[PDB]
Structures are given as C-alpha cells and as structure tokens.
Amino acid sequence: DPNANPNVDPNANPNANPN
Amino acid sequence: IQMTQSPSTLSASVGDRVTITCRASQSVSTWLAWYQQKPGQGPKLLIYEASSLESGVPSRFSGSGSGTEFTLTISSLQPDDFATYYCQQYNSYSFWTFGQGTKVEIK
Amino acid sequence: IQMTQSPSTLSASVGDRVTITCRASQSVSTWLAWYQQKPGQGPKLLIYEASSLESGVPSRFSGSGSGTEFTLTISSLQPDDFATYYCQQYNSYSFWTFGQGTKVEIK
Amino acid sequence: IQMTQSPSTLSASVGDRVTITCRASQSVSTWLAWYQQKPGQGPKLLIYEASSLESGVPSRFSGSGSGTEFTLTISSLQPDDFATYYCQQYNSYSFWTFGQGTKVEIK
Amino acid sequence: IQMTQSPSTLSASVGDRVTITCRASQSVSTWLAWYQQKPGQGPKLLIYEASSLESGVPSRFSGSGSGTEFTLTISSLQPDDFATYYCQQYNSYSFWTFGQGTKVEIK
Amino acid sequence: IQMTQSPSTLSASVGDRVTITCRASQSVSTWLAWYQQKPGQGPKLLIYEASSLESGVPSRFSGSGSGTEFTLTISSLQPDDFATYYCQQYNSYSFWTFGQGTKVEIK
Amino acid sequence: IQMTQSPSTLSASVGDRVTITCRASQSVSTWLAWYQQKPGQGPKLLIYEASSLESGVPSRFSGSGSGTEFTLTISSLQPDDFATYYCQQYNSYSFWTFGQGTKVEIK
Amino acid sequence: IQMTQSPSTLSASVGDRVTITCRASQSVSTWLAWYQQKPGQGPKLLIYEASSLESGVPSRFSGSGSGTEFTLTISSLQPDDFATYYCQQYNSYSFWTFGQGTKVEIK
Amino acid sequence: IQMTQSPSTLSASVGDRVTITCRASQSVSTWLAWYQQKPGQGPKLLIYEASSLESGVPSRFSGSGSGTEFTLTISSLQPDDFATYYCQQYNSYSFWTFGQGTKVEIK
Amino acid sequence: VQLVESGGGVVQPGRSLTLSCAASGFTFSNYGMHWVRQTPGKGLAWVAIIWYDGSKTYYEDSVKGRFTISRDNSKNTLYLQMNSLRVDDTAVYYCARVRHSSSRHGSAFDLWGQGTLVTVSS
Amino acid sequence: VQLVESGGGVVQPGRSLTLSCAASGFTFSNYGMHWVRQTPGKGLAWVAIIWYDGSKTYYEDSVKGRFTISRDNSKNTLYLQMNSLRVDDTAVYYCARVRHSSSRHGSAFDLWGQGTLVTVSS
Amino acid sequence: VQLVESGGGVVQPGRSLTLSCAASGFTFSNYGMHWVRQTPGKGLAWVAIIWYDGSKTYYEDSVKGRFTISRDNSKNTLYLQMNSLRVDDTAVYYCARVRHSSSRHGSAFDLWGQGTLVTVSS
Amino acid sequence: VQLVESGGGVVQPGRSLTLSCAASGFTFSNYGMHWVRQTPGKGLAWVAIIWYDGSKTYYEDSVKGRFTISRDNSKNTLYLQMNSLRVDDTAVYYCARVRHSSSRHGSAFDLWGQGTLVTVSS
Amino acid sequence: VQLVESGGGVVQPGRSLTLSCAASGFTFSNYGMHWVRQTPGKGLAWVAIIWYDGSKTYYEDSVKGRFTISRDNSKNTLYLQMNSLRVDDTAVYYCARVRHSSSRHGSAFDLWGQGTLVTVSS
C-alpha cells in the first residue's frame, strides 16, 4: 500500500513503554 | 470527528434505568470513552474502549457499541449519579474531541 | 493510472470564467487534487480531495466530481491566476501520477 | 497477553521428535522466549526472539513463528531433555507474562 | 548551543507585566539561568534551573519552561527592575553560553 | 533532602519482628545510617552504608535498601531494644540530615 | 551490525569525482564515521555523524545518508587523497565495527 | 583490601618469560609494589607505584596495571630470579596489605 | 621536578614590556622564585612565593601563577634590567631546582 | 495520586500568561499529559499534549503558535505558556493524565485536575 | 515554512550524484516526504516516498534499484542519491510534503521546494 | 558467573520480609534485573524490574505499593522489600538478568538464580 | 562577600597581559570560578573555568593555547594570564563564582565582579 | 597532540604480553580511549574501551577474559595486558581517542597512533 498516511499518527501511546 | 450526545437532558428518578446515546460523524472503531463531571469538579473516567470499565468505579455503569453508535447504560440510578456525562473519541489518526455532554436531573 | 487533462490550453481574460476538466483512466473515488505552478517556481496546492479548499487559497477556486470525471471552476479569473494547472491522483493501491497540465493564457 | 501452551503434557522417548505449541491472545510480533526448567532448579533460557539460539544451547533445540502462533521443535530427544518448557513474551508495550508450562515425560 | 532571546527591546511601564522569551537551538533540559545587569555593574543571578529563585531575589520574578522554550515573567514591574536581562544555559556535556540580552526600558 | 520515617510509633512485644522504614525525598544512593537513642543517653551507631553492622552491635539488627527506600529489621526484639531509632543521610554534596525518629514501645 | 563497502577497489584520476558506498546490515540511524589510512600510517577521521566534517579536513570531502545507505564523495580527487577509506558505525546499543575498506588507486 | 595472586606456583626455566598476576578486591589506583624474598633473607623492593623501577634493580623486571589488575613480567628469567614475589597495596585511605606470594621454581 | 624557561632569548628595548614564562614539569603549588644575575655578579632575589616582591626591588617587577605555569612581567624595561633571569622551585617534598635561564638583551 | 494546577487569573487581551500543574502521588515522569478547556456553553476541547519526554507536542488548530506546552520531570510540573490571548480563550484549563495501555494507540484521560479559571477581558 | 533543495549540477552518464533537501519553519520529523521530477515537455512524475522514519520506502518502477531515498530527522534534511544516472533523468527534482490528514489514506502534497536542475549529457 | 538469593523463610500474614540477591562473576552494575515468582500449580509470574540504575521500577498490578525492589551496585546485591504479606504470596522467588540486546527493546531472562522459598501462613 | 578584579589596561597586539581577581568575605578555596567577557555589541561570552583545585581547566575554543587560568587558594586570588593578545579580545572581563548544588551537574554563577576593562589596540 | 604506543614484539602462543600507549600534547585524563587491531588481509576490528576513569570497560566478544585494559591517568598511559595469546592475535594494535561530543552518545575516534606489531607464532 503506497497510499497510506505517512504522518506520525498523533493519537499514539505517549506513556513510558516499560519494555 | 464531531460527536453529538442525545438526549441533552435526561430526567429520571432514583433506581431508574439510564441510557445515553453518542454518535460519531465518522467511524471511530471501538476507541471511545465516557466521562462524569459533577458540578464544580473535574471529570472522572468511567468507560474506556466503549466496553471496559475503569478500575474502582461501580459495576453499575456499562456500555457497548462499535463504529458510530454507542450507548452508556446505568442499571439503577443512584443519588450520586446526577452529573454531566461527556463522550470522547480518540481514533487512530484523529485528535481527541468531546461532545456537548448530557446532564442527569432529579425527576 | 494514465491521467489526462483537457483542454491543453485555454485563453481567457480577467474576470472571465475558467473551467478545467480532468479525466482518469480508472475510478479513483474522490481522491484527487489540483496544483498550480507559476513559470520558474514550484507548484502550489489549491484543492485536495477534489472538493475541499486548502487554507489560504482564495475562494475563487472550486472543484467537484467523483469516479473518473473531475473539474475545476474559477468564478472570476484574475491577473495572478495565469499559470499551469495539474490534477493529481492518489488511489487506494495506485501510485501518485500527474496529468500533462493545462496552461492559462491571456486572451 | 495470556499465553496458553498446548499440549499440556506430551510423552516421548529418546530420539523422538517433540513439538510444543505456544499461542498468544494478542500479537506479540517475534518477541517471545522459551525456557527449560528441570525439577528443583532455576529455568534456563533456550531461544530468544523465537528464532535465535542462546549461546551454549545444543543445536537440537529450534523455534519458529511470528504473531500469535509459535512452536518449539526438538529434532532428537535426549535423556537430559526431559524437563518443563515455558513460553514467555515481552511485547513492545506489554509486560512479561509466562505460560503454563508443558512437561515432557519418559514413555 | 546557540541561545537567542526575544523581544530584543521591551518597553514597559511601572506595574505592568513583562515576559521575556529565551529559545535554545538544542535541548538544554532544565539547565538554564536568568541574569540582570544594570548599566555599569556586574550581572546578578535571579533564577537558576529555570524555575528556582536565588536567595534575596524578590518574589515578583518567576520563570518556567523546559526543553528549548523558556520564559521569565515579572508579575509587577518596579522602578528598580529596569535593566538588561540575560539567559544562560549549562547543559550536561555543553559549555556555558549566554544570550544576547533584552533591555527593559521605561515607556 | 528531607528524611521521614514511618511508622512514628511501633508497638511490639518481646521476641517479635520489627521493621522501621526510612524514606528520602531525594535519591541518597547507599549513604544512610541508623542510630539508637535510649532516653537520657546519646545515640549509638547501629548500621552504616545502610547494610553493614557497626562492630559490637548484635547480629539481630540488619538493614536493606537503596535509592530512596530503606528499612531496618530486627529479627528478634529484646528487652533492651525499646528505644528511638533515627535515620541519617550523608550523600555526595548533601549535608547530614536526620529523620524525626520512631519510638518502639512495649505492647 | 556487519558493514560492507562497495566497490572494493576503484581507480580514479586527478580531479575526478569519487563515490564510496557503505551499507549497514541493520539501521544505524546517523551514527557513522569515515576514516582514511594511507599505507603504513594511522587512520585519520574525516567525517563524523555521517555528514559533519572533522576540523582541518578540506571541504573537498563530503558524506551523506541515513538508515542503512551511506556514501562519501570526493568532489575533486587530489594527488594526496589516494588511500584506503574505512566505514565505522557506533549505534546506541551496538559496538564499534569497521568495514573492509576501499582503496582509491591512481588511474 | 584482600589481595590475591595467581598462579600460586610457577615453573619456569632460564631464559623464559614469566608473568605473575596480582588482583585486588577493591580499586587501589596505581599504588602497588612488588617484592622478592629469597629463602632465609629479607624481601627487597623491585617495583614501586606498580610501574616504576627501584634504583639498582635490573631492567628485566617490569610491571603494569591500574585499578584491580596488576602483572609483573620478567623478560628473561635468570638463575638469580628464582624466589617468591609479593604484592603490596597502599591505597589512599587504606592500610598496607600483602599477597600470598607466588614461588618461581626451576623446571 | 624539571623546570623549563621560555623564550630562551628575548630582545627588547628600553621602555618596552617583557614577559618571561616558567613551566614546571609537575605542580609546584605557589612555591617558586625568580632571580636576576648580571654577568660577573651573584644572583639576587626578585620574587618569592611566586607573587610577593623582595624588599627593595623596584615595583616594575611582577609575577603571577600557580601550579605549573608561572610568568614574570616587567612593566617598563630599564637599562639596568638586561640580565639573566632564573626560575627556582621549592615544593613541599621536592628539592630545589633551577631553570636554564633566559637572557634579556638590548634590541 | 493527586493533580492540582495553578497560575490562573484575569489578564487583558494580548498579554502572556503562564499556567502550571503540580503532580503528586504517582511517578509523573512516566506519563504523557494533556491540557483541556471547558468553556461554559460548550463542551470540552483538547488543547495540547506532551509526550512523556518533551520530544513531541501537538496542539489544537486554533492555538498553534500561541500556546506552548512543556514539562519539568524533576519538579513534577506541567507548563502551558500562553501568548497573545484573545477573548475566545475564556475557559477553565484542566490537566489530564493518559492512562497506561497495553498497545500502541494510547488510552483515555484517567486522572483530571481541578482546573484554573483564565479570563481575558478589557 | 521553508523547504530548500540543493546538490544539483552536471554529470556524465554512469556516474553517481546525490541531492539534499533542507526543511525549515516547521517540524520536519513529523512529515513524510516525496521527490517529484519535472522533465521539460512532460508533467510531474513521482520518484520516491519516505515514511516519516525511513522505515518504509517506495520507488517508481523506472528508478528501482538505482535510487536511494533517506532522511536525517536530526538535521531536517532529505537525501535522494542517484546511482548510474542516464540521459532520461534530466529534470528538475522537487521535494513534496504530505499534508496532515485525519484518516489512514494520506493526502495531497502541501509544500513544494523550488527544485534543483540535474542534467545528464555527454 | 552465578546468581544466588537469600532471605527466605516463613512469616505471619501482614509481616514484612526482605529478600536479597547477590550476583558474582560478572559486572553486576551493567544489567537490569527482575524478580519472578513460582506458585506451585501455576506458571511463573513476573513481580518487579530494576533499571540498571534504580531510576525506573515497574511492578505487577497485584503488588504495587506492597513490594519495593531496589539494587545496590557497590555490593552486587538486589533487594525486594515485601510489606503487607498475604497468604497468596507463597511462592519461590527467582532473580533474572536481562540479556544484552542490540536494540531498544530489551531481551529475555537468561541467568536465573536457584530461588528462595517464601511461605506465608498462620 | 565581595569579589573584585584588577590588572586591566591598554596593551598592543601580541603583548601579554595578566589579570587578577581577589575574593573576600567567603571561603574561596571551596568554589570553582569562571572568567567571562562582555564585548560591547555582543552578549556575555564564557572564557575559562578553574576546578576548585587547579586540577581541571577548560577554555573556550577561541582562547585555547593563549589563555592560562590558575588560582591561588592561599591568597584568595585568581589569575588569567593572557598571551598573544589580538584586537578581538577588547572586552570587560568578569569573575564568576559557581553556586553550591546538591548534585553533580553544577550550578549557575551567583557572585559576579565589577569588571576590568582590557583594551587591545595600536 | 600526539599518541605513541610501544611494547610490540614476537611471543609464542600461550604467553602473555603487555602493550603501552603514551599520550602527549593533550589532557589524557579527560578522554576515554580504545584499542583497535588491524590484521593484514582484514579490516580494522575493535578490541576494548576504557571509560575515562577505569570504572567501566567493554571488550570484543572474542577477547573477554584474555585481554585486560587499564589506564594510568597520572602518567598518561594505557595498558592492554594480553594473556593467553593465540595465532589469531597476529595484528597491529592502534590507540584511539574518543572525540568530544555535546551529547550522551559518544563520538568517533579522532586521534590514532602509529600502531605496534604483535606477532604470535612458534
């Protein structure tokens, strides 16, 4: 899929990422 | 993603059944949250992902749905359930938006 | 996806009505955009999704269409609107392609 | 994620081929590890990232898979290979959780 | 680390509110200090670590920020506080560098 | 650096198990000491570096912890261990500060 | 992280343009350095962080790239610049490994 | 600081190369000395500060190291140099402690 | 403690400014002295403790420094100031040593 | 687990005002936070987000370039430094803590502050 | 909001030429980028796309195996290296920025650079 | 290399117990270590984690606030202070070392201790 | 608690001039001090640092090899021996005292002198 | 600045050899240094690092337990004490100085020595 929003996905997980 | 909550005002008595409808202009999958804000305070989370409940809240609150139609169900209205309830969506590529909110009034 | 623009060159005066027609070999739903390129400069986005207008572009520009037929409409041509126009497509699984472009000349 | 291993207990003899299947309730990419725990000892790492072999392990042990289906394969069972095997996952944003553990017994 | 301040000259009157913005070309975390150099004298420290006040500094001065954007706010400008304010950064592995300095003048 | 100990009062009987916990408002690494002040006397060192035992102190007393959480454990309370126990920190660039101390009473 | 360079040996004349490509097995972000070792001497830094020049190196040398593709371009090869160039990577959690190195020979 | 040496006994012949390893339980910086005690006599200083040579000692003896790993290397073992060698540390705030001694024997 | 003086020969004219630099191989704290020996006479003290002036010396002579870098500054060269200047160090546990001596000649 | 804010007041249009947010009872350096308005007569509205490190921030389309958000992990604080205010910014500003979630998509706001009233008038 | 290309010039066929593209006035780490060529007598033609991290790349069928696109988010630069240039690659290369879209399908190119001329001839 | 725990025993419910874990044969100040339970009749379960410095800790949802994991790099030890013990916590506790990994994603638990038995009963 | 310099004046380019800085009212041997310039038409510029013992010194990249900073705890005095002066160095030189910090990361300059004017011209 | 080693020669397999590396013209106690081999017919290969104090150390996976690197800041030297040499270890050994970097991710080797030839054969 060449056409897919290549931006950042602002609604991501902003938490601490324990792993 | 614009959200509308109906009915704007829902009058009910203690021990009644409360249903609140939240609709989205565009599909938000299952990413949705329900809030409760008593007057003069800050809102508190009740439901996340439109199905799971926040830890510590009573099992009285419930909700389900997917896509653009969502419902929040209170099995038996309690004296401390009279507040304003807000509907929030956080879709994948969409920002966080909130509805206008509905208020629960003593009948 | 082979993409064509017609007419190749159209002559119009200041304040006239300018219509640019863009065709696509295969249906692209409404995922099509328009660009305007001054000679010696870089193209600038005017219309995205073939219906909505990008912020800062004057309201004179407009467009509509779906499937394989897309058009651009200028309510009142201005001296600063004389440039070459392109229509671009970005379908579900098709790469980005551009038309040959139409040049607006002073009548 | 809840990791369930099947079969719970499998019987095999020396030199027989043994396959243990580990499944995950949510996708864990290739982030998965296998452990061997002889009775009364501390478990020893065998496979990390579901494909690579930890230094010092015999070449008999092997593993493959991605997503939600993982398997461990012992080409030739040995008298020192009779122990309990565990399936651990470490996803990107999920904590470490271990499986129930299958015991390989002598036929 | 290149450090710049804006606005370069800030006209204000006695009792007005003053905010001075200090921007860092790189992330300086919370390591930043604000100075004050009346003409003909040596600069006197006012704020250290971008939030804490040096002993003897009046409570009017306050600062806030982190990363690359810092501001110094004078809640009530006094006739004493008309001087040139400098911004310093002392990062972990970076040396001490100073801003150009904004001059506060009577309106 | 502010050191607080909990519980402030700890009732216990002869032969019991006692734990006194000291918390530091800022990381004090392993630099911490525990004292014992029977009333009318001067405090005597019991534990230094938060783990070691001062020469002559009985083996009952022991301590553990690092960072900001510490704990002094008595494996078997004796008739002469009913006294106030204090907490001290001597970090790299921090001066010596003492906690408020907990009093152990007969039950 | 295994780093390979191509071509292994290239011949260029005085004033010609030379490009040397260093390829990383896994992404090394932008942490990369290019060296130069004339026969019988010790290698000297030319480019660090994959784009910046080490002080004293002529502006003739240039390097660009990120991810897994890197190149070093000599704009106008000089009689002094005939030597072997090595490619080094220092990722955050990886160790320092050097490429095999390409020899620039006079045509 | 508990001081240990290795090997406890070392067999070598005339003209060989001998290395004796001294390892410290704690960092002793570069403060260390190597002695040589022939049977029935008193030990004589050979190396002080772990690297320098005492005046009059033949240039055969050499030493190196810092921290917790030290070695004494004899480039050419003579019939004179068959004796026990001791390792001493005198750190900044530590007292003097010696090793157990390695005996160089004829082969 | 090897003491070196530079520049060895310093041509200057009457009324000029002369600075002689003395460098110590190791830190000699502030214990250092400067002498002046006209040809055929015995040297006379000028500066002791690296900063103070001997009684009766003209106020032209001045010196500064501590550690390993020491300098002697003559504000206004005089026709009787053309002589050889020596640098001496007397550290705590080090013995007295002298530099080679610089000769100030007439330009 | 308590979240309180401060720095409110009434300021004339065009001035700069800095808000604050104090965090206590939880490890503040592990969570990404938000700032949310509640304008009477309208619903809530998102304003800014801070990405647990200060590396990434995002703003509502109507406050880009005027509102800056930054956090001090050492003092457990948030700051929404507001520049060039308008009358449309009359609202109550809340802090919001993003709940821990076992995915790559985030979660709803679980802990809300009490709110500071910011009024812009002439 | 400024996006500037550089690195153009004249090279012989079979050589290797690399280009640069600097972004300023906006956060570069939050946008995917495109490279678009303009051959006199022809319209715009897509070349390559970078997925905001370098994680995913896609190329035109005519330049696959000879063109490399990579970005440096620390310096806000783009790199399109051309290997084994041919006469048909003589065109002006523009940088294109993908505008923010509230969906999973992307959007048109918002910001374009002025472009640099790269010609290949004998 | 070796990794041996201690401090086990039997304590009454509600009492406080301190466990230790001495590491030898390797540079202990280089690895982030874990504590893992083993309740008979159930598989292994994770308990805590220490981040190579004591800076970051993460606990199981059922032991948050009752367990404190802390490490001492100077004496090569680990500590897990267990407060408000319950009958459920009867399990063998293991130490685990996180394998060196050439990425930002950690690795599996390679070096495991022999385990100490902690019994809580009345 | 006062900090005063001296030793300024007018010297020709290439000549060497030495500055001094006498500290009074506090224990001078406990603080690491800095030298800071203030060129008219420019902001303050850092010059050199002395590490409380003379053990470590760091200089600005433009004065390495020409400026030597050394301190004398016995007389409470700093020195900045300036060699091979040029027309650039005409600036006012300030002493600075580093504040005590309960950490290892340093602190800002609290005590500043009154400045000695150094003029380098022909 | 200069960086010259010594201590090369020919030793038989199984014996031990110690190399030295004297640093001149710069402050040695501020830089973390490396050792790098160069086997003819192969490229450079990293060997060990020293962390500016002797506090931390790292080695190549094939030389752990046979090579010990330690530094003496008072005399500006390095020492890579090689034990249990093999026919593999025939190479030229260089010193490397880690360039100063205004970050926490280190930098490349900027100052290299001339190398000493170490031959292991019988």
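As deposited, the entry is annotated with cryo-EM as its determination method and 3.62 Å as its resolution.

With the PDB entry as reference, chain J is termed 334 Fab heavy chain, source organism Homo sapiens. As deposited in the PDB, this entry carries the title "Cryo-EM structure of 334 Fab in complex with recombinant shortened Plasmodium falciparum circumsporozoite protein (rsCSP)".

By the naming in the PDB entry, chain B is 334 Fab light chain, taken from Homo sapiens.

Chemist: How should I be thinking about the overall build of chain B in this particular structure?
Modeler: Along its length, chain B carries 0 helices and 11 strands. When its helices and strands are written in sequence order, chain B yields β-β-β-β-β-β-β-β-β-β-β. Counting only C-alpha atoms, chain B reaches 40 × 25 × 25 Å along its principal axes. Within chain B, the fraction of its 107 residues that count as buried is 51%. Looking at chain B alone, contacts between residues at least 24 apart form 54% of all its contacts between residues at least 6 apart. Looking at chain B as shown, the accessible area adds up to about 4600 Å², and 48% of this sits on carbon and sulfur atoms. Here chain B contributes 7 positive and 7 negative side-chain charges, whose respective centroids are spaced 5 Å apart.

Chemist: Can you help me understand the interface of chain J and chain B in this one?
Modeler: Often, the extent of an interface is quoted as the loss of accessible area on bringing the components together. Every contact between the two is made by 19 residues of chain J and, on the other side, 21 residues of chain B. For the pair chain J and chain B, the summed buried surface comes to about 1700 Å²; carbon and sulfur atoms form 62% of the total. Between chain J and chain B we count 1 salt bridge in total. Linking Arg-99 of chain J and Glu-54 of chain B is a salt bridge whose minimum nitrogen-to-oxygen distance equals 3.6 Å.

Chemist: Could you clarify how one ought to interpret the sheet that holds strand β8 (residues 69-74) of chain I in this entry?
Modeler: For sheets, the rule is that strands pair by backbone hydrogen bonds, running either parallel or antiparallel. All names here are of chain I. Strands sit in the order β1-β3-β8-β7 across an open sheet of 4 strands; the sheet is antiparallel. Edge strands, defined here as strands with exactly one partner in the open sheet, are β1 (3-6) and β7 (61-66). Between one strand axis and the next, the sheet turns by 20° as a mean value, whatever way the strands run. In this sheet, strand β3 (residues 18-24) lies alongside β1 in antiparallel orientation, the contact comprising 4 bridges.

What counts, and where the lines are drawn
Residues numbered from 1 in each chain as written, not as in the entry; some residues may be left out. Chains lettered and ligands numbered in written order. Part of a larger assembly, values for the part shown. Heavy atoms only, no water. Helix = DSSP H or I, 4+ residues; strand = E, 2+ residues; numbered from the N terminus. Buried < 20%, exposed > 50% of the residue type's maximum accessible area, 1.4 Å probe, protein only. Contact = heavy atoms within 4.5 Å. Areas by Shrake-Rupley, 256 points an atom, 1.4 Å probe, with all protein chains shown as cover. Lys, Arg positive; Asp, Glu negative; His and termini not counted. Charge placed at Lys NZ, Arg CZ, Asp CG, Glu CD. Buried area = accessible area lost by both parts, 1.4 Å probe. Salt bridge = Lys/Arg side-chain N within 4 Å of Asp/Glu carboxyl O. Pairing = 2+ DSSP bridges. Axes fitted to C-alpha atoms, helices over the stretch in contact; angles between N-to-C directions.

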